[PDB]
Every structure is written in C-alpha cells, then in structure tokens.
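before I ask anything, here's the sequence and the deposited coordinates:
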6 protein chains.
Amino acid sequence: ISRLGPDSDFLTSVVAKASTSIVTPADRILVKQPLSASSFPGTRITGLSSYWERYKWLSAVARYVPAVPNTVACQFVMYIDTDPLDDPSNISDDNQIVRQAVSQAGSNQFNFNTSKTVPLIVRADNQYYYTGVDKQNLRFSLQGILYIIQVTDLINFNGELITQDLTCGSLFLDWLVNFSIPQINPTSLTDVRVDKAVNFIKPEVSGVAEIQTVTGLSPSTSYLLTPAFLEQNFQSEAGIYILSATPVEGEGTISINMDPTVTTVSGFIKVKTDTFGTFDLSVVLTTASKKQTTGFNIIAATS
Amino acid sequence: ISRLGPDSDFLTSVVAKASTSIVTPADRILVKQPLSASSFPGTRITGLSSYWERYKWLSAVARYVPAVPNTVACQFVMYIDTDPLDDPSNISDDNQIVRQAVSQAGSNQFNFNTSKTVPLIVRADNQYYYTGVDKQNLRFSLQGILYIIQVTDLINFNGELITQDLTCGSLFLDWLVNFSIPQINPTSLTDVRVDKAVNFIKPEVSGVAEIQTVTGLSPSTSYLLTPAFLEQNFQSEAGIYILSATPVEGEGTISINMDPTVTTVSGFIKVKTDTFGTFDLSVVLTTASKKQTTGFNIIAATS
Amino acid sequence: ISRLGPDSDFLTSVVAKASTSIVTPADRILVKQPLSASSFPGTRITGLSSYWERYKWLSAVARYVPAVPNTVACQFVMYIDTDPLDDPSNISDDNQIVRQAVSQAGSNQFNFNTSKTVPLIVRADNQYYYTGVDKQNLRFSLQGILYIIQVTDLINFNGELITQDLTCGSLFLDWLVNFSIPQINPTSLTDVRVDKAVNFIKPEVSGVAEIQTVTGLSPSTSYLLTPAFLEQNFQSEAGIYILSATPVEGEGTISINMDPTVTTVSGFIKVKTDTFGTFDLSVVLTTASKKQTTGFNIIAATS
Amino acid sequence: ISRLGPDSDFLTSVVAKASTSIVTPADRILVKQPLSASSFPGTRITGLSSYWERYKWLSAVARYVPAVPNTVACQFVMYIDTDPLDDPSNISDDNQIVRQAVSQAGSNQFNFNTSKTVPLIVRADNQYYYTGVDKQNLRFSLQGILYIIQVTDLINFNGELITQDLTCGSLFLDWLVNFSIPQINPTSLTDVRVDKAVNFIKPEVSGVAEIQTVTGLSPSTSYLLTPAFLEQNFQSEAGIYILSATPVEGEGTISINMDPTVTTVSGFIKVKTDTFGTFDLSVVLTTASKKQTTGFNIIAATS
Amino acid sequence: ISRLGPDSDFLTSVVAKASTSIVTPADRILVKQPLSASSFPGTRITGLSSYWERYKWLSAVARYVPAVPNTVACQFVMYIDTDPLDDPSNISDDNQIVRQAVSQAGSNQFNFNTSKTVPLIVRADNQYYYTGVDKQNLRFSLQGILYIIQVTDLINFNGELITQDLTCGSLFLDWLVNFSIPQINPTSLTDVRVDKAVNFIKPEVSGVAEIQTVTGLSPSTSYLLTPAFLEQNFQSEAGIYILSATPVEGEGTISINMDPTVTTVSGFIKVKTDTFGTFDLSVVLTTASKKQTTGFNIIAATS
Amino acid sequence: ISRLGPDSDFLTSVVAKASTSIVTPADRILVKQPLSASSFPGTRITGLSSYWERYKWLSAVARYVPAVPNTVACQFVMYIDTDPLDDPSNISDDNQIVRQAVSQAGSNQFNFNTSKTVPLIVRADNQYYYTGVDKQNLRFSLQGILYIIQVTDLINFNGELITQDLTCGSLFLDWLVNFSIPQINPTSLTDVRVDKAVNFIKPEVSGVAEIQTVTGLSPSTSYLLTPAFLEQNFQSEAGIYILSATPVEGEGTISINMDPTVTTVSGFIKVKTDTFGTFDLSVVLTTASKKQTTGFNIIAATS
C-alpha cells in the first residue's frame, strides 16, 4: 500500500443563508459534500485517486476557515457521517436535525467566524473503499459525507437579522491515505471547458494564405479548435464565403463553406502551443472580398 | 519523499525499418523516447507526475517484448543516455553511432525477436529533476532519453532482405521513483479528442420539443458538445432552419440559425452521462418542414 | 559553510484589492515575491547574499501580520512554489487557481486580519542555489516564489462589498541559511537615490569665496553632488553667470557657466560629512551682480 | 555569535619613499591603516561589518607580499598597535620610533622584497568593539591600527640611493571574526561614483522620438542618470534647444531647456540594464535643427 | 564512480603585459581559463573527459611556475571563481577588480617570479557537472574559471617600467576527479592540422608509374592526403597535365587534370605509415614532358 | 593502478561464409581480432588506452549476439589465443584447425543463432602489457587474439546449402582492466575522414563579399576545409577565375586562381561551428561573370 500525505485540498465555499431563506428543516443543510477520494473535481486528491483502486482516509480532518468579519454571528455544527446512505435531508423537525448533528462523533460546534476542525472517525475494521466515480452502491466507495447545519438565525452587530445570503468561508481538507492496487481506472474525471472565443483575421488577398498568431494561452498544452460564428449575414454582398484554416504544426482542418447550395461548417484542429503560450495557423480564403468575421472556440481539458 | 512503484507503463511501438529505407546513419534511430516522468502522455506515471515537483528514477528498467516471429532476424542495440542534450542524430558514420551505443553503460544488444531489458543507470549524486512539460533547459527535467539503433539489415528465413517496414515490438517501463514537494503543477497534459460524430434527430412537429437519446458513451464522464454539419443545402425548400438544443440536466445551449440575413452557428453543451453511458437533450425546431440533417461533435478529455 | 540566522526581513506590503477590481483569475495574485537571497533590495539578507556564492533556506517561514481592523474580512491563501518557472498567472479558471494554491505543501489559509505563517519546504536533496542577480535560468538561483491569492470578495461589518483598494498587512521572513564559497559577487544591488535638492547661496562680493554649510544629512557618509537648476532667466540683467564650487576637503569641481557663447553646466563633487552630518563647500562668483538662484542635487547610495 | 572566516582582504598598496623624501621622524610612517571591521571600503569584511553590531578579530594576521625585484633593498618594521589613541606620529627621534615599533608584540622585521606576516594580538578579556563608522571615541570601535615604518635608506644593487618613490607591495589581511547582534547599521559606506560620461544622439526629425542604446555597462544594476554638458554655444544658430529624455522602462525625466528667458537644466533618470548590460531611452527634440551635443553622467554605487 | 589522478596538465602560458598596455581595468585580466574537464584541448584530462558524462574536481590545485628572472618584479593575484557566469570583465574600477580577486576563497597573491599554488574550493553539496563541449547554460558544465590579475606595474632591477610584453610563466593543474556514467560523448574535440606540405616527384617516363617515398612522419598513424599546388603555369609548354596518385596499401585516389576543357583537381588518400614513419604511393603521368611541380598537403588529427 | 569497467565495446561484425567460398583450411577463420587495448579504433577502450602505459584484462569476456533467424544453422567455435605469435592460419588440415580451437581454454562452441560468451583466461603471473600501436614484438602489447572458426557448412531450413555470404552477428566485449603509469602516449589513433563535399555559392557582384552558411554539421567541433573541384571548364567564357574564401571567425585562407599563367589551387581553413552546427565564411570573387562551380571538402577527425 502506498501511503500519501499529509496535504490540503480545497473542497467548496459555504453560503450561509439568511433567516428568511430557511423554510423547512431540510433547508438548513448548507453543504453536502461527499468525502470520497474521487469527489473533489480538480484538486490534488481526485487527480491521484484514479490511479489506484482502493483508499482509506487514515485522518481526513476537515478544516473551516472563515471569510466573514467579527461583527456578524451565526452558530454552525459540522459532522462527517460515515454511513453514506443515511440521509438527514428527510427529517421534519428542526431541533431533531441538530441533535442528530451533534450526536455524530467528531462533530464540532462553532461560531461561523472562527477556524475549527472536524476529524473523520475511521471504522474499527481495515476496510478499503473503491475509488473512481460511483457505481450501483454508494457504500462501496464513500467513506463519509460532510455536512454543515445552520442552527441559529444570521445575526449582526446590533442584534438584527441579516436578510441576504452571505458566502462566509471555505472548507479545506487535511488528508492522509493508504492507496492500493494501481489501476489507471477508466471513465476519467477531466471536464473540458470552452477556454475563450477568438475570431479569425480578415485577409486582404484572395487565395494567398496568412499566418494568424493567437497569444495569451497556457504554455505547451494541447488544445482543440472548433468553429462557431454568431449572427453573420453572408449575403450582404456577392461572392462565396470559403474559409479553410490549418495549423502549421498540428493536426486537422476547419472548412467553413457558406455556399447555400452545399453548406459545410465542420472540422477541428488539434495543436499545442510553444513555450510562450502562442500558436499560429494558416488561413486562406478563395474569395477575400467578403468581410464577414468568423469565430472559433478553444476547447481544453482543465483538470 | 513519496516512494512509488514498481509498476509498468506502455511507452511506444517500434517500427523496424527495411534495408532500403536506411540512407544516412542518422536514419538508424528507431525510437527517441525521453524518459522524463512527464513524457508518456496517457500512462500512469505521467498522470502522477503533475502532482509533485521533483522525481528520480531509482530503477527504470526499460523492457522490450517482441511481436515478430522467429523466422526473421535483425540485431538491435538499446541504451539510455543520461545526458539529455547529447545527441547522436548528427553523427555521419554508421559504425560510429553503434560504437557510441554499446559504450553507454547499461546498453544491451539483442536480436529483435527476444525479450531483453535495459536498466537506467542513476547519477552518483542525489539529484532531483523537475516534472512537468519542459522549460528552457532540458537538463533540469530529463533524466534519460531512450534510443534503439538498428545495426543489421532486416533479414528473413532464407537470407534475403525484407523490403517493407515492420512494426516489431513494444517498449514497457518498470519504474521506481521518489517524488517530492506536492504541487498541482499547471499546464496540464490532458489532450482533448473528438470522440465521435453523431447527428440530431429529424422531428415531426414544429415548435414542440423532442428528447434525443445518444447511447454508447462512457459512464459518468463529462462531455462537451460542439455543433458542426457537413454539406447541407438549406435552400432546397422554403422556410428558415432554426435548431435549438439544450440538455435536460447539463449546461449550455446550441443555436443553429441558417437565416442568410443573420446566421448563427454557435454554442456548446456541457453534460455528463448517467451510470449507463447515455444522456438526453431537448431538441426543438421552429420550422420542422425542413429535413436537412445537422450533426454535432463530442469533445472529451481522454487522459 | 557559514550558517546564519535566525533573523527577520521586511519583504513588502500587500494591497488587498476590491471586488470590482478583480476581472480575470490572473488578477487575484496580490504579491508575487521571489524568495531568492538576492531579491529583497535593501534588507539584511540581500546585503549579505552578495558575499557568498551559494545559499539554501533551511527554514524560511514567511510571516504575515495584518494592519486592518477586526470589522472587515477577506480570506487569503498563501504558498511558496519551489518551482520558479511554474507560473499560476496563466490559469483561466478562478476556482482552479485556488485549488492549485492549497494543494502546494506548506500553504496556509487565513482571514486577512490574523497573523499566520507559511513555511518553505526544502527539497529532498542538498541542493545549493546561486546568489546574486538572475542569469539565464531562474532554476539555478530561486528556491521559491511567494504568492498570496484572494479567494473571497472584500466584505465589511454589515455584509457589503468594500469598493476601494486597502493596504492590509506586511510580509516578514524568518530565515536560516547555509552560505558557502565567499565571493564578492559583482553587479552590486545598491541603488542610488536623489537624496534632496538644495540650492547655492547668493553671495555679495564678486570674486571672493564664501562657505556654504548644508545641514541635516547622514553622519560620515560619502555623497555625490550634481548641479541642476530649474527655470532661470540669466538674461534679465547684464553680466555673465559664472559659478564655481569646490569642497574644502573632498574631491571634484562644479563649473556653471551660462555664457551663451560657450555654455558649460557640468562637474561633480565627492565629499563626505563630518560626525554631525554637515559638510561645507567654497562658492565663488566672478560676477555677483546676478541674483539668479542655482540648485544642486545630492546623489547617495542608500542600500 | 556568528563566526566567519578565514578569508583575505586587500587593504592598500604601500609606497616606499626615497632617502631624500624623509625629513622628520614622523615621515617614516608609510601606511597608517586602521584595522577596524568598517575601515576597508569596498572589501568583503566592510560590506559584512554593517550587518552586525560587534566584532572581534580572533586572528587577523596581516600579510605583506612584495612587488619589487631582488636587486633593491630596504628594511621595514611592521606592527599592529592595539591602543588606537596611542600615536607614534609625534615622536621626534628617528631611533625612538623604531624601538617603539619592535617593542610592540607581534611585530615583524623584514626586507621589503620578502613575504612576511604580522599577527594581531588579541586582548586578554573577551572585549567586543562596535562596527560601523567611528563615533566620538575610537577605543570603542578600533581593535588595532596597522603601521609600517621604514628603518633604512632605499638602496639598490650597487650600494647607491634610489632617489624616486617606489610602490613596493600590497597588504593582505587573513581574518577570523565573531560578529554579534544583527543590526542593519545606518550611515552606509557605499560611495557613489561617476561611471562614465556619454552624450545623447543627434536626432533628425523634430518632435519624433528616437531610441538611444548605450552599451558596455554592468548587467542588471540600477544606475542614476544626471545631465551635464560642456562648452556649448546654443546661440550659434536660430531655434530653442529643448531636449527631453525618458527611459522606456525606468523612472524619471530629464529636461534640458536652453531658452534664455526660462532656463531649466535638471532632472534625473533611474533605470537598470538588461542581462546584456544595455539600456535604452527615448529622446525627443522639439527643434532638431540645432546640432549642439549634450552629455549626461552615469552615477552608480560601486561598493 | 571512477576516481582518477593525481596527475598534471599544461593549461597555457601567461603573458604579463607592460604598464603602457593597460588602459581599462578590464585589461588587467591576463588569463581567463575555464577549468572544465573538457576545456584543455590536447591534454590528458580533456581526452579522458569525453568518455564519461559527469565529473567533479575533488582537488584541482592550479600551480604557477615562472620563467622570468629574479631581477624583474610584478605582483599577481590568482583565483578560481566557482560561479561561471559571474564576470569580472565589466568592472570599471581598477581597485575594485583586485579587492574582488583577493576576496574569493583560495586566492593567492604572489610576485610573478615565485612558484605558488591556488586550490579549487569544492561546493558544499555533491554536485556533478556535465563534461563535453558547452551547451546552453555554462553552470551545468563549468566548475570554475581561472583568472590572473596584474595589480602592479611591471618593474625592473632599477625601479623603472618595462615597456614590452613579457611571457612569464606557465600554469599547471594538479587534478583529482570522480568521473561517472561512461558515454562516448559525441562532438569530439580532436582538431585536425595541416602537418606539412610536400610535393610529388617529377617522373621521367610517360605512363609508367613510380614509387615516391615520403619520410619523417609519425610511426603507424593514419593520415589524409589532399592535393594543393601553388602558382604553376601549365601552359608554358605543350601537353596535358594529368597526374594520378594512388597509395600502394591505403585507400583513395587523387586526380589532377589541368585540361582547360575539363579541369579536375580533387580526391583524397587515406594511408597509414609503417613502423618507421614512412609511406609510399604510386604516381603515374600520361604526359611526363611537362615539368611543373605539384604539391599535396598532409592532414592529420593531432589530439 | 586505475581499475576501470565493466563496460561494453563493439568490435566488428562477422561474415559467415558459404560452403563454396571455403577452399583451404586457412579460409575458415572468419575474424582475427586482436584483443589489445589499442586495437578497436573508435571505441571507448581504445580512446582510453592511449592515456596510460600498461593494461591487463582482468576479465574481457567476448560476447556474440546473432543477427540471423532460427531457420538457418551453422556451428561456430570461438577462442582467445593468449600467445599472439601462435598462428593457426598455416595449418593444412581442416580437422586440425578445429581440434586446435576447442583445445584452447575458455573456448565455446555454439550454433550461430545463439548468444554465447567466451572469457579471456588471464596469465598466472601479474604481467602488464604495453598500450598503443604495436612496436617490434607483439608479445609485449597483445594479451590475446580473438578467432572464430566455421566448422560446418552453412545449412538452411530444408537441409540445403546456402550459396551466398551472410553477415550473421556482432562481437561485443565486456572488459575490466588495470591501467597504470599515465602517459599521453604519442602516435595517436584518431583517423581523419572526408565528412562531406559541398560547393561554394555563385555570387552576383564582382569584388563584393557574400556570406555562405553551411548547415547540418556537428555542434562545436573544429573542422578543416580543403578545396577540390571536379571537371570544370574555366575557358568556356572570358575572364579570370579568382576565388578567395576566409572564415569570419576561424583561421586560414583558400586561394583559387585558375589563371593559366600562374595557377594556384591551395589553402586551408580551420573553423569550428556554433552551437547549432553551422559556420559561415566570406566568399569574394574579382570576376563574378564566370559561373563555374567550385567545391571544397570537409576534413574532420572522427574518433
């Protein structure tokens, strides 16, 4: 078994809600964060969790630090329920949901402008849980679920109720794990993202290619270029709008043909930047008399 | 320091080239594979290498297994040059490039239908190299570069020359590392990929949405949907082609407006599958009398 | 090796910026301070670092103390990236830049009115870095770069956004180093400074020298006197403006000749003060009938 | 206490004077060098001495090496008087000043073409002396004063008197100190220096700026630019001489206005070089028809 | 690691320059010799350094022995700067460049007719430097650079200035290294040299070959013969100048055809000598009536 | 004594000859390779052997690896005769030469498609042999001579005779030596080589020099440039062919003067490349109207 840690990991922010925004006792739950190893998308532990099969938090002490002044006050209670199918979201009594919160071991009751810690209590046996995204049963792959309950109305410096929502802190983990059995573990968790939208150049000479240089991107990362344009009237003048762009080093072609007899808006470009964060592509137009702009999107895997 | 391993990693295939395809002594180099921790895109070690700053192969024994029968023969030589700026690609003598290959320590000389191993010789000091993609100088972040040289013409069962290229084996690592100083290490290495191209449905009723169910994808992975169509004549009949698709659960919109007065082909959809590998989206057309098909691409981060 | 410390060193102030002043995720970086031994110009460690070749922070724990009351609140995160070419200034996601901040080892997450410390994590080998100003590669001479990221909008006592910039604290180091190999290490870091601008006296008698005594300077420090005057009409009356000043003890002459046939405004004076912080110079004018004032600047090396 | 050393330090040269140049017995003293830690301006020890309060030479053995051949001869005597207010410069007998020199402990009597050493004798108590420039009393901050006396007329290869002064050797220290109580110790000892004098370019176009590139300076050091010109007749042709120079990166402006109605010759420029030792500044002239040259001085702190 | 030494190696001679030949303080540097293992072309250590990747001088004490009498005198200072990018060639003060020389550890100050030694101070870590010719950064492959500064004007037996340059000594190393990781290390350092120029014989009989025996060469070394002739008028008589020379044992042909219709002056001969230092070649002329001499050059790799 | 190894060294290839190509029993000897330390020109050991006087193989196990398939068969026998003047090349019986081969100790009898090793048996005394090229007697400087004898006709997959020669394997050493008494050992073994033949440019302007840039050479290696041209008719038009080329940095001149009154084709150029493998030279022609091409050869020491 490969023992890793201790490090930190950013889970979420927590939005303490106003006294008028709480209607049912199920509405008091501010965060419901699973503490599986594969449920913090983008952090250090979730990128590591898809390279072993099993894991076990030896000590995953959740750590709250506030972002709120010392002139507003509200009491929280914070626990880690080790039974991932027990659910406090269907308890109809507001005093019952907070007796259920303090009764859980390791719970810790704080004013929400104070840094306090909640440790995860390990199970008496040497039980390993599966990593990765969740299959059929949650009890194979979640060791705990982190809750925060609001027990008091959000008060201010004069004894009055704050009537607006207020993002109040951040939850940081401090983990220590035993991974085991290295498997590259498919159904990856890297979510792609539209990085930015930047348009092509407007060339002068018909049929002669030009080099367009885009700047301000990450150094030496592979991107994916998809064409998409917004609200262009290609029939405001004569000619056929034909745009074909290729990378000078990468792979793929983009064909933009706004001929209404045969219309083709397709293609993709795979190209990585240089060490400065730039890449260049050759754009050629058969009819350069048309000056309608055309954009393209930058798709990248961020985590 | 976190000691990891031992495991295996698939580097490349190796294409043993014919006797007529070798012209200069620089052409004998079959593979030039850097043995940095961040230069095997998609494997286990490269996914792990961007979560620590430094690394050191305590034992990275490269292991060749063949995929060629016992009736063709060719002698290889295989070494790991620990000086990543020394380059054998500019040596003009064919006998010099193979005396330079056997003189390197840890080199191993095999017939190419035989499984033989080449160990990486560590440096006498306790020197750590940086992970991640390479910056200015290669000697900060490459511990070795793996070469394979072809020293004999590719012969067959009767003593004659094979005149075609022949993929012959595969290179597997057996690594053992000391990582250190956990940093999430930006400029990620996850390259995105066009997964498959599948088109929208052809609905019957104008203005009433329908649910399109795409199957055969990975379970519980986040995708990115980009619109692109190929060679459609939207002016073969009357009407305005307006297609708007939204996910029922995810995020984003796709607008396909083939009005030649204002043309908008844009948008993206972020949506993840269910546990069966399917996801569904609501497609509505204002004018359903037009039966031109429209496609969309599936962008996903694969590693 | 000469082991020095522990002492303190003033790095910078940190200007926590308002919620409207943050546009891109790269704008959240408040300070980007290199923690090389030669990158704190004027402190104790940078004056010492140019008298040895190498250094290694055994413990350089950065220490934040606030200068802001307990009625405004904002959460910081603070880390020391040991890889001086990894750059978080080109990450396009605001949640990614703060997961990258907490994942770094030794990071520490605080409300910005609270004194918290961030230790520098040493590298597993015994690696020495060069001192002095940076040459070609930064990884030879920077052991870490200190960042501070703002993760929460700057809030006040009532839950409202502060709309102005607010200098909030100060960063103090607590260092402990092993220097080695004494070299006086050229390209010094002492920046000169215009100390103050004070003008000459207006003497009465032509051709007879007078002693001008300037007060209020540092005791027993060598200065440099350069002549410069502002907006004088020397042709408002007759005569030739000739001013020649020499120190009574130091070195150099200043010649001020406003003859429009041959104009000479040049010279410098090197003279040090006495133990009281004063020095005196002999000023003689050939034509004292002209009462245009003439100034001179005081150049001094401050650190 | 921080124990430093052993290293070397260049004190001075020593000019052995001729037999006709010695008139009084006080004239035999060749060098009178204080051996305080802050009295060798520019060396290694004086740059280090202003970063602690106290010091004590455990062994500061002064070391003479000659620069004179073996064909001229003269006997020296060399001692270190530990009482910095005892003065041998007011002893009227030439035989008394050399009995006073050999009687001092640690004195060493050599021919002046021979390398001999003089050790500093420490005081029987554990007495620390203050660093920095000298205040009221010298006995708080000087541990010794180094003398060299000439006891014999300067003779040559044939037994005749050399009648000219002759620089003969150099004095090198070999020190070993205990510093204590780190204080950054104001009234710094870095003396500024006119580096070189270089003039502006003569531009062609009026009102359009040009870039002047000065080369041959130290890499990555901050300078100070002061304007000063020598003997220019600005009324040899028509026009108003207006020169305004700014750095492209640094700080400050220089205004040169030779209008005799309002004359302004002022300003300073703070700018540092690049890694090649060059810096560039933008020079613009309102009236470029005047071709009088104008210079500027380069002020830099050298030690 | 293979520990080698101790042996000696001849670095250079050193030309002490006259008092009139020193203009700038950068001109005082007599030698600037890098002390890399691959920067003494022709010695023992540089021939050995291209057969391992790394090296570390455990003790490389530079040793000066003079070649000048005891009747001229000049003081040197000699140090080994361990930071190969620190450069004293851009320091504008002549007293600063010699305080920077004595402050370096291991420096040693001698009269230049005296044998003195300068040891190389090793770095506190176990750092190995690359061998071979220098790549991008010098700090990977130079452990030190050897300087010698002239601090005193070159004086003679009577106290007068020598006005001519004077080669004065020689610098010998005394090394002790740890090499590691045997690699044959391309881009070899063996520089070829025109050994001597000797011409062909003038044969009598047309079309009958003769044996030309060249003597006075190195025994059993492979040479390379290239044809080149100087100022021959081949049209002073009738006939066609055709000369073809082959070795009797070696490889290659030389064709000398001075036909102005088709002119061919080409070819090379590879042939090694016998154990006596001679080799013989067959020279045949089709038209022996022409008595113009023709030469050939002897190319050999000397180190 | 300096103990080196163990490493590998490429000796030769071995050409197994057909059944019809064997006539006399002396023709069965495939390789006759001396195992002196100075008889593998270009390898690691021969470059090291000319830097000590003596050597002794403690273990020089010769290692055969085949390059032939498993469908042809032939039996070899392989031994190392420690008596370098005993010669099996004058034994008239084919069965005697193979009884003499197996009787030698350390001999090893293999099918020629199988990797087998032959160890060198050391002599019972501690006898050192001289390095370098061989003088008068071979028994001072050869410890062994490696033979391979073919004992069986070369057969194929069906029991028939292969009638063509077939290069079959390669011989690799695995050495371990004690060198002694460091001497730089003259009559070097570096053989020079014509690298490539590339011609001059054809300039346009008479008398104005142009810069010719040759690419594709080894980085930072010193070359030697010799002029040689092939079959040029310089009298096809008017003018005098005068070509003079100099390096911009190196040493030497080439003069090409095709004046038939005084003809000079001579000169050499010594110039090294930059770090990219290129060098440039200035070519000037007095009469550029002549467009006959002229070549030059590149001489380099390869090992």
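Good, I have the coordinates. Residues are numbered from 1 along each chain as shown, chains lettered A, B, ... in the order given.

please name the bridge partners of residue A:193.
On the basis of DSSP bridges, residue A:193 is bridged to residue A:300.

for it, what are its contacts?
Residues near residue A:193 by C-beta atoms under 8 Å, 6 or more residues apart in numbering or on different chains: A:299, A:300, A:301, A:302, B:224, B:270, C:93. Every C-beta, even on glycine, is put in place using the N, C-alpha and C of the backbone.

out of these, who's the most crowded?
Most neighbours among the contacts of residue A:193, by other C-beta atoms under 10 Å in any protein chain shown: residue B:224, with 27 neighbours.

that one belongs to a helix?
No: assignment of residue B:224 by DSSP: H, G, I helix; E, B strand; the rest coil gives strand, placing it outside any helix.

wait, it sits on residue B:270?
Yes: between residue B:224 and residue B:270 there is a contact under C-beta atoms under 8 Å: 5.9 Å.

what touches both of the two?
When contacts are counted by C-beta under 8 Å, 6+ apart, residue B:224 and residue B:270 have A:192, A:193 as shared neighbours.

where along chain A do the helices fall?
Counting by DSSP state H, chain A has these helices, from start to end: A:44-49, A:96-103.

now do the contacts for residue A:146.
With C-beta under 8 Å, 6+ apart, residue A:146 has these contacts: A:11, A:31, A:32, A:33, A:34, A:35, A:62, A:78, A:79, A:80, A:118, A:171.

roughly how far does it sit from residue A:81?
In this structure, residue A:146 and residue A:81 are separated by 8 Å, where distance is defined by C-beta to C-beta, to the nearest Å.

and for the nearest residue in space to residue A:83 that is not next to it in sequence, the neighbour number?
Closest residue in space to residue A:83, ignoring its immediate chain neighbours: residue A:139 at 7.7 Å, by C-beta to C-beta, 6 or more residues apart in numbering or on different chains. As a burial measure, residue A:139 scores 11 neighbours (other C-beta under 10 Å).

wouldn't residue A:139 be in contact with residue A:81 here?
No: contact status for residue A:139 versus residue A:81: not in contact, 11.9 Å apart, counting by C-beta under 8 Å.

chain neighbours aside, what residue packs nearest to the residue with the largest distance to the centre of chain A?
For chain A, the residue at maximal distance from the C-alpha centroid (C-alpha atoms, centre = their mean) is residue A:238, at 46.2 Å. Closest residue to residue A:238 apart from its sequence neighbours, by C-beta to C-beta, 6+ apart: residue A:289 at 7.5 Å.

from residue A:230, how far off is that neighbour?
22 Å.

those two: which has the busier surroundings?
Residue environment comparison for residue A:289 versus residue A:230 gives the larger neighbour count to residue A:230, 17 against 10, counting by other C-beta under 10 Å.

mind listing what the more buried one touches?
Contacts of residue A:230 by C-beta under 8 Å, 6+ apart are A:295, B:264, B:266.

what's the ChimeraX line that selects buried ones from those residues?
Selecting just the buried residues from these in ChimeraX takes one command, with 16 or more other C-beta atoms under 10 Å in any protein chain shown as the test:
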select /B:264,266
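
for chain E, state which of the contacts of residue A:230 is nearest.
Of all the contacts of residue A:230, residue A:295 has the smallest distance to chain E: 39.6 Å, by C-beta to the nearest C-beta.

ramachandran coordinates for the residue in the stretch 201-303 of chain A that chain C sits nearest to?
Proximity of the stretch 201-303 of chain A to chain C (C-beta to the nearest C-beta) peaks at residue A:218, 5.3 Å away. For residue A:218, the backbone dihedrals are phi -80, psi 140 (criterion: degrees, to the nearest 10).

what residues are up against it?
Residue A:218 makes contact with A:273, A:277, A:300, B:186, B:187, C:90, C:91, C:92, according to C-beta under 8 Å, 6+ apart.

ok, the fifth one - contacts?
This points to residue B:187. Applying C-beta under 8 Å, 6+ apart, we find residue B:187 in contact with A:218, A:219, A:220, A:221, B:132, B:133.

who wins on neighbours among these?
For the contacts of residue B:187, counting by other C-beta under 10 Å, the largest number of neighbours falls to residue B:132: 24 neighbours.

got a list of what that residue touches?
Taking C-beta under 8 Å, 6+ apart as the criterion, residue B:132 is in contact with B:38, B:49, B:50, B:141, B:185, B:187, C:83, C:86.

mind running it again at 7 Å?
By C-beta atoms under 7 Å, 6 or more residues apart in numbering or on different chains, the residues touching residue B:132 are B:38, B:50, B:185, B:187.

distance check, it against residue B:93.
Residue B:132 sits at a distance of 37 Å from residue B:93 (criterion: C-beta to C-beta).

if anything else comes up later, I'll come back, but that's it for now.
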